[PDB]
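Let's start with one chain on its own, the form solved without the DNA, as structure tokens.
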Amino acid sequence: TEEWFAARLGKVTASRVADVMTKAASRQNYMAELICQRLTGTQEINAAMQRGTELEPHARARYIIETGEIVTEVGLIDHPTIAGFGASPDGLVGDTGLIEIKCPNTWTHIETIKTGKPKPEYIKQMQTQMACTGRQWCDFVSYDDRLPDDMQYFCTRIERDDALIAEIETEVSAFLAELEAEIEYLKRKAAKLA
């Protein structure tokens, strides 16, 4: 959409929380990205990513086939109290749940089946989605239709972790404080100069 981008402009999103918190160049690079979005009012513009995005509604359907859950789509949900912070789960499930879908490279999917666990960056993403929505768990789905039937679908439930959420909110608050100050600082300097 264009409303898709507009709702996300200048905000810390759940999909990037791992860049915020890691112990880093990725934190500073994301900070620079959000500074430029807020100042310029626009964001900067592969095969596997595109193929992935296009498969996600297949994955969504497969999950409902496998579970019988009522799934509603949702856009960006703002954090209830931290301004400039939001999350975009791939669905609201029932009254208290969520779904986050990955449709990655085949080997990444296989490694998820092997370990049974989502990458730590996706744990952060999903805890943040829970933070923003008030939900109690998120079913993490990995899906690859290239594989034999009994390997295409993987799902595991990640329960709300209030300790991790409090730590995320602390870090994201600190990061947003630095972001807003940097923008204020740059602006005051340019204004004085002019």
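Residues carry their position along the shown sequence, with the first being 1.
Engineer: Residues without coordinates, deposited sequence, stretch from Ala163 to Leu164: is the count none, 1 to 3, 4 to 9, or 10 or more?
Structural biologist: The entry has no gap there; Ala163 and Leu164 are joined directly.
Engineer: Missing residues between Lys23 and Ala24 in the deposited sequence, please: none, 1 to 3, 4 to 9, or 10 or more.
Structural biologist: Unresolved stretch here: 4 to 9 residues.
Engineer: Would you mind comparing 163-171 and 137-145 for me and telling me which has the higher average C-alpha temperature factor in the entry?
Structural biologist: The recorded data point to 163-171.
Engineer: Name the higher of the two by mean Cα B-factor in the PDB entry, 115-123 versus 101-109.
Structural biologist: If you average the C-alpha B-factors of 115-123 and of 101-109, the larger mean comes out for 115-123.
Engineer: Determine which member of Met49, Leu34, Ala59, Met151 has the highest CA B-factor, using the values in the deposited entry.
Structural biologist: Among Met49, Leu34, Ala59, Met151, the highest C-alpha B-factor in the entry belongs to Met49.
Engineer: Ranked by Cα temperature factor within the chain, is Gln43 in the lowest third, the middle third or the highest third?
Structural biologist: Highest third - that is where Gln43 ends up once the chain's C-alpha B-factors are sorted.
Engineer: Lowest, middle or highest third: which one holds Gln28 when the chain's residues are ordered by CA B-factor from the entry?
Structural biologist: Tercile = middle for this residue's CA B-factor.
Engineer: Which third, lowest, middle or highest, does the C-alpha temperature factor of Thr67 belong to within its own chain?
Structural biologist: CA B-factor rank for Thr67: middle third.
Engineer: Sort the modelled residues of this chain by their C-alpha B factor and say whether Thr156 lands in the lowest, middle or highest third.
Structural biologist: For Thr156, whose C-alpha B-factor we compare with every modelled residue in the chain, the answer is the middle third.
Beyond what is shown, the protein has a form deposited with the DNA bound; the following relates to that form.
Engineer: May I ask you to choose, among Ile65, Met49, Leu147, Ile70, the residue with a heavy atom within 4.5 Å of the DNA in the bound PDB entry?
Structural biologist: Contact residue from the list: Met49.
Engineer: Counting only non-hydrogen atoms and a 4.5 angstroms cut-off, does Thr13 reach the DNA in the bound PDB entry?
Structural biologist: Result yes; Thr13 sits at the interface with the DNA in the bound PDB entry.
Engineer: So in the bound PDB entry, does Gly84 come within 4.5 Å of the DNA, heavy atom to heavy atom?
Structural biologist: Judged by the heavy-atom cut-off of 4.5 Å, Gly84 is well away from the DNA in the bound PDB entry.
Engineer: At the 4.5 Å heavy atom threshold, is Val74 in contact with the DNA in the bound PDB entry?
Structural biologist: Heavy-atom contact with the DNA at 4.5 Å: absent for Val74.
Engineer: Is there a non-hydrogen atom of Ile101 within 4.5 angstroms of a non-hydrogen atom of the DNA in the bound PDB entry?
Structural biologist: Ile101: yes, in contact with the DNA in the bound PDB entry.
Engineer: With the partner removed from view, which of 165-173, 53-61, 147-155, 130-138 is the stretch that lies within 4.5 Å of the DNA in the bound PDB entry, judged by heavy atom distances?
Structural biologist: Residues of 53-61 come within 4.5 Å of the partner.
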